[PDB]
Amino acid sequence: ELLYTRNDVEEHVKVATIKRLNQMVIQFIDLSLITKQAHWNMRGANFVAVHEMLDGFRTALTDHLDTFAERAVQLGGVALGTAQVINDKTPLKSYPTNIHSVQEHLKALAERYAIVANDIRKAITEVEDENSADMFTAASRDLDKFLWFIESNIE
């Protein structure tokens, strides 16, 4: 069931939205862990700039997911973002540990960012909570631009 709130968003609409929101949350938490992972372990040409870039990426991700979770609560549900749940519920493929060049990491990121980027863009139009829709549009715009930024550094 749900936590009670004077917020009168339809009951069925609440359940489905928390549902999407959460999965969106999980995808973003993963994207933030791997952004760091790639960030630490790059090496080679274009290092520093691509290194800094990624830090930027981390923050916005963080902010966007935050909104997701808080919105899921507003509707009377329970936002999820614990290691066990992520590991258990991510669509994303585990990030490589054996890769080392900047281009390697860029390719690995591009891959992952794209799945979430494409997922969330579709979510924008299939979610019946306008607030989420506006939420989802805001994060779609950045993931897209981040997807572009990343791809754009592949040589």
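From 1 onward, residues are counted along the sequence shown.
In this crystal structure, the stretch out of 104-112 and 88-96 whose C-alpha atoms carry the higher mean B factor is 88-96. Of the two stretches examined, 7-15 and 134-142, the record assigns the greater average C-alpha temperature factor to 7-15. The residue among 45, 54, 61, 127 whose C-alpha carries the highest B-factor in the deposited model is 127. In the deposited entry, the Cα temperature factor of residue 24 sits in the top third of values across the chain's modelled residues. Among all modelled residues in its chain, residue 50 ranks in the middle third by Cα B-factor. When the CA B factors of the chain's modelled residues are split into thirds, the value for residue 31 lands in the lowest one. Remark: residue 83 belongs to the highest third of its chain, ranked by C-alpha B-factor as recorded. Sorting the modelled residues of the chain by their CA temperature factor places residue 38 in the middle third.
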